[PDB]
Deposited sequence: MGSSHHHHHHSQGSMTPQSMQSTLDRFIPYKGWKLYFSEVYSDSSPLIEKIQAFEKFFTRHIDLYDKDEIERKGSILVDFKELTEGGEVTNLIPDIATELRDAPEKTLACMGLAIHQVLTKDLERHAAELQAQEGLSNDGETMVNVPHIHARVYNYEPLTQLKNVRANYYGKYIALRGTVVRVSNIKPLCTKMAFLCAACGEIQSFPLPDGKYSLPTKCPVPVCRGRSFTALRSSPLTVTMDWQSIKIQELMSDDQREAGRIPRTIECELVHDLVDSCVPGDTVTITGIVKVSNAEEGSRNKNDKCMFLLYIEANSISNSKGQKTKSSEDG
C-alpha cells in the first residue's frame, strides 16, 4: 500500500509501526495543500519546499501535526522521512487516478522526493552551536566562503537476500561500501546479501560541499573573538545554489564529520534547504 516505502525507510513495512501515524499526518496536510505546489516541478527536481509557517499553522489541515516543531527539531531524520514518503504517497495516488481515466478512455513510478522545510525558526547563530546539537535540526545564516566542485555520492546500496529474495536499500555511512548484517524481514536472518548496483534502490546523487562563515560585527564582536565556520553538504537540487560571497540561510541536521591544524571533532550541517538572496 506504500510504494516507495524502501525509498525512505530501511525498515520492513508493518501497519503496526508508529511510522504509519506520522506518514498519514503529513499525507492529510499535502492533500489539502496539493494545489499550493507545482506537481511537475516536484517530480522533476525530486524535492518539495514546505514553509515551516504552514506546518505550524493552527487549524484543521495541520490537525494531525500539533507537535511538529519539537519532533522536527529533535528527530529530523525521522520526521523528514515520514514527510517525504507522505508527499510521495500523495503524488502516487494523484497520478494513479490520472492514469486510471486514461486507460478507460497503471504503473506510475514516482521517484524519491526530498522533503525540504525552509523558513524554520528559531534561528541559531553559529557560535552557540555546541557538540550537544548532534542530530538536531537548526537554521543558520552566514556568508559563503568556499564552494567545492560537484562530485557523485552513493548514498544507498541495494542488497538482495539469498534466503527470502527480499531487496533492501541499505544506507552507506560516509559513502563507504558496507554490507548488511541481517535481513530486515522478521522471519529469516540470511546474513548473506548480493549488491544490486543497478537497482533503483541504489541512490547516487550530486554532492557539493560549501563552507559557511558567521555574520561577524566587525567592531562590536571583534573584542578577541574569531569568526567561526562550519561545512555544509548540499545534495541533489541544493547543489550549485550559491557562490562564494553570498549570504545564505541554511536549514539542516547537525552531524559529526568523519574524514598545528588537526582537530579530531568537527560538526557539519547536512543541508535540508538553502535560501540565497542574490
query: Stretches of the record's deposited sequence for which the structure holds no C-alpha atoms; finding: 1-28, 134-141, 296-302, 322-331
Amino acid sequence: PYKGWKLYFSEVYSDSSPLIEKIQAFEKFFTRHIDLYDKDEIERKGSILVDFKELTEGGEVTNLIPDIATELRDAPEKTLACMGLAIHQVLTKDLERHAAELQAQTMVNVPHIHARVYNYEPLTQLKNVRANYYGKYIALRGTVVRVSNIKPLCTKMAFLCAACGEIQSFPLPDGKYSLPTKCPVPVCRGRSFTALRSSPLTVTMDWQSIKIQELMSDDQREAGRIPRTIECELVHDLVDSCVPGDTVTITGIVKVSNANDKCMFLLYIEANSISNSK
From here on, numbers count along this sequence of modelled residues.
item: Mean temperature factor over C-alpha atoms, higher-scoring stretch between 20-28 and 263-271; value: 263-271
item: Stretch exceeding the other in mean C-alpha B-factor - 226-234, 56-64; value: 56-64
item: Residue with highest C-alpha B-factor in the PDB entry, from 180, 135, 152, 122; value: 180
item: Maximum C-alpha temperature factor, selected from 84, 142, 184, 171; value: 184
item: Among modelled residues of the same chain, the CA temperature factor third for residue 102; value: highest
item: B-factor third for the C-alpha atom of residue 241 within its chain; value: middle
item: Cα B factor band for residue 214 (lowest, middle or highest third within the chain); value: middle
item: Third of chain Cα B-factors occupied by residue 206; value: middle
item: Assigned third (lowest, middle, highest) for the C-alpha B factor of residue 74; value: lowest
